[PDB]
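As structure tokens, the structure follows; a few thoughts come after it.
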Amino acid sequence: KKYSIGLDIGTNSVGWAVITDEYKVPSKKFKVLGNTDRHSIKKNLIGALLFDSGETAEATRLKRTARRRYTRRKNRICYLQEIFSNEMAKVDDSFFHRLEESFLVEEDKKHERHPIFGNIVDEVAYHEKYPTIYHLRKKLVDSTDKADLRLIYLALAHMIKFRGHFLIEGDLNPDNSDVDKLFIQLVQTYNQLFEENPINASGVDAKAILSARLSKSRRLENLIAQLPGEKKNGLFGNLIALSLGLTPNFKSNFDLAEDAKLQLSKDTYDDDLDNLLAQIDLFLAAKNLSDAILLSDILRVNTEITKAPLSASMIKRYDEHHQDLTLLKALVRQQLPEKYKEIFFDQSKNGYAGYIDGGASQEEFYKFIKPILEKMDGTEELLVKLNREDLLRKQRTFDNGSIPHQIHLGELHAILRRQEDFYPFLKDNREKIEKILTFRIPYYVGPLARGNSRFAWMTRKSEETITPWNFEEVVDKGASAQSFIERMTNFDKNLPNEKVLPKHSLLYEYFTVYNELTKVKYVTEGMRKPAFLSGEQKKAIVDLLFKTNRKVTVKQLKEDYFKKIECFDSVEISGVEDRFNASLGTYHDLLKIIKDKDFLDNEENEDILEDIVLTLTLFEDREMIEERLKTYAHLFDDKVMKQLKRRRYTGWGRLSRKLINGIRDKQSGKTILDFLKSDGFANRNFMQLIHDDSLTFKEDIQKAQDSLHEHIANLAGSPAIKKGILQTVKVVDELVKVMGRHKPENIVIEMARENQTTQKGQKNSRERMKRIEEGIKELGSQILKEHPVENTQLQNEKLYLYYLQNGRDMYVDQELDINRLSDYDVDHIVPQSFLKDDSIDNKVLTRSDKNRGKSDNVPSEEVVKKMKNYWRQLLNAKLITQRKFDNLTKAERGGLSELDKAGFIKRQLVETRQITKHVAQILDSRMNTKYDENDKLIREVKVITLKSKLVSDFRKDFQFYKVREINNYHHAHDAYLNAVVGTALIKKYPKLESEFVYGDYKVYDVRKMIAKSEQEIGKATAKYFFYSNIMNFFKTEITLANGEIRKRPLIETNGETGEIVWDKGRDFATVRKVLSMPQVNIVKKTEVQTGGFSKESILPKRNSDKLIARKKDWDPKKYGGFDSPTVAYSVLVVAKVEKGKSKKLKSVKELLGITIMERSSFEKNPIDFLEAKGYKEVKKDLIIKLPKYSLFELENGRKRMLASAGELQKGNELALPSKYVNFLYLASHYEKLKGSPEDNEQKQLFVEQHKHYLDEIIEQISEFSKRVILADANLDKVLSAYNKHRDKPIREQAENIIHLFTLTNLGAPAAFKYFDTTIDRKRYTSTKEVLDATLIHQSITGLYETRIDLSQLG
RNA sequence: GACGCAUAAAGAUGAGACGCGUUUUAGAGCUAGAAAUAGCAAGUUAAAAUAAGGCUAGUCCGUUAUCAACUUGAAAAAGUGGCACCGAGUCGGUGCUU
DNA sequence: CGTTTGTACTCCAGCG
DNA sequence: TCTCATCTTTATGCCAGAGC
DNA sequence: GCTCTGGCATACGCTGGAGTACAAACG
Ligand SMILES: [Mg+2]
Ligand SMILES: [Mg+2]
Ligand SMILES: [Mg+2]
Ligand SMILES: [Mg+2]
Ligand SMILES: [Mg+2]
């Protein structure tokens, strides 16, 4: 009557099993409902629920943000049109109407078919005058003639619609820049300020640096060569301050007006200018030379007087494209006339015709045309431009993403300045148009909702509609920025109504320090035993060396404190290894700013400091920080406040202020922090304080603490794990309902946790700074010398990848820029679209235009061959792992293939861990509910949490081998073995319940301490060995390294009680028998499909009924549209259809797929929807919703799952005998058995003896296929391939036979191969047969069934 | 030693932006041609849409999570299916029992 | 003799 | 692809009396 | 004034839609 439940939870499965006290799996006769004649089923209480993994909300988020961007871009254009509308009605009242309907075909257009001018001659003239929009933009920027209002609008709308990025702050003005020759003005101003005969007659200016790769190196070299200045500052020192960042932390080179340091023109650079403004403008030349150099870096146009450098560069692209195209056409005609049509007319090839009119990108076009160019004559210039990626370029390409918005804003401002003379309305609202271009909702404001958004947090000062021009006066930006962070930070778990403290708050730092400090012990020569630090000693230590050293080493503690004050000549410290992990970093940072130490040490102003740190953590906008800190301006100097607003903290703690310093124990009146600072002689740390029954902290925490669906929905984190959590809780609930509504004795959950040796865990958690040091020193570069870095700074992804690559690009042999890292981007070696892998082995820092031409593919063979030596250098120095090197060189081993797809992603382990950890506490809360006064909670049900290592060792030791490829039974079997091993362990060692049973621990149970011996190897190694040896009571012979063996008893008893725990004779037979049960309740969860309506690709117009209109009024036969709609669910319709040459009502039964788009339309009124679909006399009461994976049973027990309205998945399981599974496991893995050499030899001999099982397994597969798969051609191919390779080695034959189970695997048909022969999918693309099958409705465990015989519907 | 701290791996959630891509239309094709076609010219750009759409009409929302069947119900939610034994090719049989 | 469903094979899927 | 912010799981290191 | 958890010894899963060609197969 007592029973246990095992669980094997995964991302797409939850295996479950019910066991009794004798480890047997029971079986019950279950009632089956429905109209069939079958009334009872015998079923074993073991099975697995399979489901589609919950998707992360990332793709939905990306779609939502893209939708918002499109909405706001349309709104920008609407604002511009509203500005232009009144004065456009003068010149062309239908202009904006023609712009709106430009998409429509001519018979749909209500106006003239030429959008801009509305007549053929003017339109042709315009396009001859301005072949590209950039011609018009440059003409409007440069010319003084009154232009047409329509042309002005077109240029401004092009700038506003495609307005460039906002990755650069400040005003990158073009008017006071773009001429690098103003360096002469820089040396002129230097000559004015520097009177000791400075250098003025220099050589060539920085144009040489620009013509080379831009860095500190070429700048220094060219300035040394051309500018032999009288001092370092003039020749090199000041120029970089106008063009580059400075690495050293020391003050700048020899002073010119003041001695302080120098930095590039950043956000804080203006305030840093006190070294000259308070001493004198030489530094004003930064705002000119810096912008000139930067825009010369962005754009390859500096030789022209134009005020539109971007439009000029695009016109140069156009001109070079034209010239190169003419030359290429001439060369092709005079050398390769037969190839002319292919290159220039056939747009299915990747020639120029496919480059312009086809789908060929310029990488495809270049790889097509490079062989052509190489074999002709006179193509040297074209080839050079090709290798430089500037051959026949388009004006709108992937690499335009580096254009800042300031360039477009400059062109727009120039146009408005030019044309405001003639159009007064342009002068009145020049700033409105500029604001339309430049306005951008702050990231901390979010969507500008008015109540009906679940993603919005913005608060508004007034009810006015928000525009770009009243955004400041309508949106409360301070409160919005506060709620931006406040809605994302955690609440204190102990006090769930109190927000956690900032990670860098002073109370949090003190709490951490004293929590670590309260447990360190010292022993002297004369002291009997190690003693705690007293409250006075902890006070003294903190004041002496925690408030004077940022990092406190044990050496400092035993030399600065103990030796010097309260003298001990030699002391031993326990409770810290080499350095206190705790620190007071915020104290030192605020001591640097506020030189007053007494202010920080004072206790009255603790609230002020907490508020200051909270402000510095919530906001990064210097204006908001200044406004918030302004209330304290009477406590600090103006300079001190200027320094505070620079200080920026991020990160939040785990505990609230009310917890660590707010609540008081009613007896002693002490807070938790007061106890940490002085707790008599007990010196309780944080976890002891909140768990003592003698103190009221535990009571206050406990008293400060619906439905299952609501509870799972309200869980924080990814919604991906909610699916697994809810499904396993529902499985447990159904299993409890089956077993007479009696709660299980135990629930055993397989956890993905692991015990590691201390060496492995210390090597896998080593600091990344250490990794960079050890790698750089190996290859000998001075990258750390040039750019010193700390481990904390390496949390930045791009900064970390910079040093991992030795400061070099991994795709082009070029050096990266540290200060300009935002203009590089992180590239996923194996593309995101293929496989989800965000690991460091997959990430590479490369240049933006290198990434964006390298689209959704591994690096090309050209890149691999160029870079294989540098990658080899990095691999030998261990900055990239072997897996990273394999990812980079993927093109050398055949590129992307389904083999790469066949491997668990790393997110799956994290998802499994999260699901299992959540469900452990969910089940512990739902099962154990009866509270008791003597002991708080009554543990009716023990939720055992087994590590996966135990069951895997059980399988491998006792030959219960697992092969995931044969069938889905391994989930249920893993659950069964989990139940067996967990219950056996709890019975044999009832004193391990504190660590295996969820929540049954007492804090710091010293009873389970490890002696000093066996700790010299490491505390985690001792636990690793303990857990390894804790499972030896299952085995009989325990073999030693020297050959001695202990024979364990055949019956294992509890030891103290004497209850039988494991009869090694009969219980192993019980386990073996259960793993050979052919009936296992494998159920695939039926799921109504949700997601995208169809495939996202817009297809060209086609006379087909599969196309879907992409707007309501756009006929897809004229405009194109989407196809491949996703079927939400199918419906079984029984009705009459008018068909035949003479249409007549023939009664029909069939499945109609209700796609996601039309799901709501169908659910509003099914009869109207079906009649409009063409069904007459629909029987409303016979409509059956059939979601995906609906199960039908046919003759000979053949089962099919509904993939869609016109496809079926195979729905049977191959219960292969356990002997064949073991033989497949042993024959494969032939030399990687990992056992003793004698055992490996014995297993190899067994495999060799039983080589006849290959024929037996093939017979199993063939009969199973002939019965349920019915893929006769594929089966014949499989049999022929097996007969061909029957003389291959047993290992290879067994390895390839495991692929054959892809033929029989439940689910969608998949392709597989047998040593070379690829067997492709036999898809069941007809759902006519299931219309007379038996529709199976299965409960969550599949034990409860309803069988509907569809042959009786008609 | 399930809290906390330090380190690290692997992931997650939300907001703000960029650049492409696709689709239809505009960018007068010319000559020889009954013409089917052939020769030549040309190409780089733009508008609009970018889940159909929705109503609470916001510069908002629309692809995550929730879903066996049946009976109750405005819905959350509740309720529905006997046991033991011998066996095992996807569960069968036997015997008690309602 | 003309449609009309089964097989069978190929291709494709927005992205950086 | 970029910027900003927050959060989770797991591993290792430090943290362990006490009644008989 | 001490052994205790134990025995005494260690290195997580994966395809449906659409088109085209061709052959039975019904009307
Ligand atoms: Mg598992
Ligand atoms: Mg990429
Ligand atoms: Mg599993
Ligand atoms: Mg879904
Ligand atoms: Mg821990």
Side-chain angles (χ1 to χ4, degrees), chain A residues 10-12 31 42 55 57 60 63 70-72 75 99 102-103 105 114-115 120 123-124 127 131-133 165-167 318 321 356 394-395 398 400-401 440-441 443 446-450 452-453 466 485 488-489 512 515-516 519 575-577 581-582 654 685-687 709 713 717-719 722 753 756-758 761-762 764-765 767 822 825 839 851-852 855-856 904 906-910 912-914 991-992 1001 1004 1006-1007 1009 1020 1025-1026 1029-1030 1078-1079 1086 1088 1091-1093 1095-1098 1100 1106 1111-1112 1119-1120 1124 1157 1197 1203-1204 1207 1213 1215 1308 1326 1337-1339 1344 1346:
Chain A
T11 49
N12 299 64
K31 200 182 209 298
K42 196 92 170 188
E55 299 94 4
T60 303
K63 289 294 190 183
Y70 287 137
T71 298
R72 291 163 186 167
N75 276 274
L99 292 194
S102 67
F103 191 85
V105 301
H114 298 101
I120 191 66
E123 191 83 14
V124 175
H127 280 107
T132 67
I133 184 62
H165 68 70
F166 290 72
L167 262 50
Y318 181 90
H321 187 147
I356 292 304
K394 293 180 185 180
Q395 285 69 64
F398 51 88
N400 288 355
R440 190 169 61 100
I441 292 163
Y443 72 92
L448 312 175
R450 209 174 68 168
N452 306 117
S453 174
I466 297 157
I485 296 285
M488 279 195 299
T489 50
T512 288
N515 210 20
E516 176 153 53
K519 288 307 209 162
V576 58
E577 280 184 347
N581 312 290
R654 307 287 294 169
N685 68 348
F686 177 56
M687 190 187 39
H709 284 92
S718 181
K722 295 184 193 310
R753 317 175 151 150
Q756 287 181 359
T757 58
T758 189
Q762 271 172 354
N764 284 4
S765 84
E767 273 191 354
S822 196
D825 73 8
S839 66
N851 186 9
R852 280 164 217 197
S855 45
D856 63 358
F904 290 100
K906 296 180 185 293
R907 180 179 55 196
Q908 270 175 292
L909 196 48
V910 182
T912 308
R913 286 172 175 170
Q914 267 151 31
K991 282 169 162 62
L992 310 185
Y1001 76 108
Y1004 289 148
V1006 176
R1007 284 301 261 171
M1009 161 175 188
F1025 291 151
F1026 173 70
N1029 299 326
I1030 208 68
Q1079 204 274 319
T1086 47
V1088 163
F1093 289 157
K1095 280 182 170 186
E1096 308 177 44
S1097 298
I1098 300 98
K1106 302 304 188 336
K1111 305 289 275 188
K1112 192 261 288 180
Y1119 301 102
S1124 297
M1157 185 180 288
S1204 70
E1207 183 156 339
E1213 294 282 348
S1326 176
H1337 299 286
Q1338 296 186 303
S1339 69
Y1344 297 133
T1346 305

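Below, read A as the first sequence line, B as the second, and so on, with proteins coming before strands; counting in each chain starts at 1. FYI, side chains are in, hydrogens and waters are out, and symmetry mates aren't considered; it's all heavy atoms of this structure.
Among the heavy atoms of the strands lying under 4.0 Å from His114(A) are primed sugar atoms or P, OP1, OP2 only; no base atom is included. Base engagement by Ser765(A) is indicated by at least one non-hydrogen atom pair under 4.0 Å involving a base atom. Counting non-hydrogen atoms under 4.0 angstrom, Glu577(A) reaches the backbone sugars and phosphates but no base. The residue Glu1213(A) sits close to a base: some heavy atom pair falls under 4.0 Å. Backbone-only contact: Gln762(A) has heavy atoms under 4.0 Å from sugar-phosphate atoms and none from a base. Using a 4.0 Å heavy-atom criterion, one finds that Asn12(A) contacts the sugar-phosphate atoms exclusively. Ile133(A) comes within 4.0 angstrom of the backbone, heavy atoms only, and of no base. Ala1215(A) comes within contact range of at least one nucleobase, with a heavy-atom separation under 4.0 Å. Across all strands, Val105(A) comes closer than 4.0 Å only to sugar-phosphate atoms, never to a base (heavy-atom distances). Note on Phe166(A): only backbone sugar-phosphate atoms sit closer than 4.0 angstrom, heavy atoms only; bases stay farther off. Within the nucleic acid shown, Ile466(A) comes within 4.0 Å of at least one base atom, counting heavy atoms only. Nucleic acid contact for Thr912(A): sugar-phosphate only, since backbone atoms but no base atoms lie under 4.0 Å from a heavy atom of the residue. Within 4.0 Å (heavy atoms only), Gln756(A) reaches sugar-phosphate atoms of the nucleic acid but no base atom.
Taking the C1' atom of each, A9(B) and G1(B) are spaced 23 Å apart, rounded to whole Å. Spacing between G16(B) and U66(B) at atom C1', rounded to whole Å, works out to 30 Å. Taking atom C1' in both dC15(C) and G21(B), the straight-line distance is 7 Å, to the nearest Å. Nucleotides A88(B) and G93(B) place their P atoms 15 Å apart, quoted to the nearest Å. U71(B) and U80(B) have their P atoms separated by 16 Å, with the value rounded to a whole Å. A distance of about 50 Å separates the P atoms of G53(B) and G81(B), rounded to the whole Å. Distance check on atom P: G27(B) versus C20(B) gives 24 Å, rounded to whole Å. Only the P atoms considered, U23(B) is 27 Å distant from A36(B), to the nearest whole Å.
Take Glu1207(A) and apply the salt bridge (charged side-chain N to carboxylate O under 4.0 Å, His left out) test, not counting sequence neighbours, and it matches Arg1323(A). Taking the side-chain hydrogen bond (donor to acceptor under 3.5 Å, both in side chains) definition, one finds that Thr132(A) meets it with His135(A), sequence neighbours left out. In this structure, the side chain to side chain contact (heavy atoms under 4.5 Å, CB included) partners of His127(A), at least two apart in sequence or on a different chain, are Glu123(A). Residues satisfying the side-chain hydrogen bond (donor to acceptor under 3.5 Å, both in side chains) criterion with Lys722(A), sequence neighbours excluded, are absent altogether. Listed by chain and number, the residues in a side-chain hydrogen bond (donor to acceptor under 3.5 Å, both in side chains) with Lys42(A) amount to none (sequence neighbours excluded). For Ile133(A), the side chain to side chain contact (heavy atoms under 4.5 Å, CB included) test picks out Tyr126(A), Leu136(A), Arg137(A), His158(A), with sequence neighbours left out. By the side chain to side chain contact (heavy atoms under 4.5 Å, CB included) test, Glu55(A) pairs with no residue at all, sequence neighbours left out.
Annotation for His321(A) and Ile356(A): closest pair CE1-CD1, 4.3 Å, computed over non-hydrogen atoms. Considering every non-hydrogen atom in both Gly401(A) and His165(A), the closest pair reads O-CD2, 3.1 Å.
Residue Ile120(A) has its side chain nearest to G27(B) when only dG16(E), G27(B), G58(B) are considered. Which of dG16(E), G16(B), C5(B) sits closest to the side chain of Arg654(A) comes down to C5(B). The nucleotide whose nearest atom lies closest to any side-chain atom of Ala57(A) is, among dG13(E), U7(B), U64(B), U64(B). Out of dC7(D), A52(B), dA16(D), the shortest distance to the side chain of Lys519(A) is found at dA16(D). Ranking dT5(E), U44(B), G27(B) by closeness to the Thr132(A) side chain, first place goes to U44(B). Here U50(B) is the nucleotide among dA16(D), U50(B), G16(B) with the atom lying nearest to any side-chain atom of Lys1111(A). For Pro1100(A), taking side-chain heavy atoms from C-beta onward, the closest of the listed nucleotides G11(B), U23(B), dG16(E) is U23(B). Considering only the side chain of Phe1025(A), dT10(E) comes nearest among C3(B), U90(B), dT10(E). When distances are taken from the side chain of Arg1007(A) to each of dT5(E), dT12(D), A26(B), the shortest belongs to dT5(E).
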### Contact pattern, 5' to 3', of nucleotides 91-98 of chain B - B, S or - by protein heavy atom under 4.0 Å
BBBB----
### Query
Base, backbone or nothing for each nucleotide of nucleotides 22-27 of chain E, written B, S, -, heavy atoms under 4.0 angstrom, 5' to 3'?
------
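Distance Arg440(A) CZ to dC4(D) P: 11 Å, rounded to the nearest Å.
How far CZ of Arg72(A) is from CD1 of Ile441(A): 3.5 Å, rounded to the nearest 0.5 Å. Between the CG atom in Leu909(A) and the CZ atom in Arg913(A) there is a gap of 4.0 Å [rounded to 0.5 Å]. Atom CZ in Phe686(A) sits 11.0 Å away from atom CZ in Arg654(A) (nearest 0.5 Å). Distance check: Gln914(A) CD to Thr11(A) OG1 gives 12.0 Å after rounding to the nearest 0.5 Å.
Taken together, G39(B) and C30(B) constitute a Watson-Crick or G-U wobble pair, since both relevant N/O distances lie under 3.5 Å. The bases of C40(B) and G29(B) line up as a Watson-Crick or G-U pair, and both contact lengths stay under 3.5 Å.
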Close N or O pairs between protein and nucleotides 70-79 of chain B (under 3.5 Å):
| unit_1 | atom_1 | unit_2 | atom_2 | d |
| --- | --- | --- | --- | --- |
| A77(B) | OP1 | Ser707(A) | OG | 3.3 |

Considering only nitrogen or oxygen atoms on both sides, find all protein atoms under 3.5 Å from nucleotides 12-16 of chain C and state each distance.
| unit_1 | atom_1 | unit_2 | atom_2 | d |
| --- | --- | --- | --- | --- |
| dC12(C) | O2 | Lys1095(A) | NZ | 2.9 |
| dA13(C) | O4' | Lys1095(A) | NZ | 3.2 |
| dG14(C) | OP1 | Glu1096(A) | N | 2.5 |
| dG14(C) | OP2 | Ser1097(A) | N | 3.2 |
| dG14(C) | OP2 | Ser1097(A) | OG | 2.5 |
| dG16(C) | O3' | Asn851(A) | O | 2.8 |
| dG16(C) | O3' | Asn851(A) | OD1 | 2.8 |
| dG16(C) | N2 | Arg852(A) | NH1 | 3.4 |

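Stem analysis of DNA chain C (Watson-Crick or G-U pairs, both distances under 3.5 Å, runs of at least three) returns B:18-20 with C:14-16, C:1-13 with E:15-27.
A12(B) has its base anti relative to the sugar, with a glycosidic angle deviating from 0 by more than 90°.
Judged by the sign of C1'-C2'-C3'-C4', the sugar at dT4(C) is south, the angle being negative.
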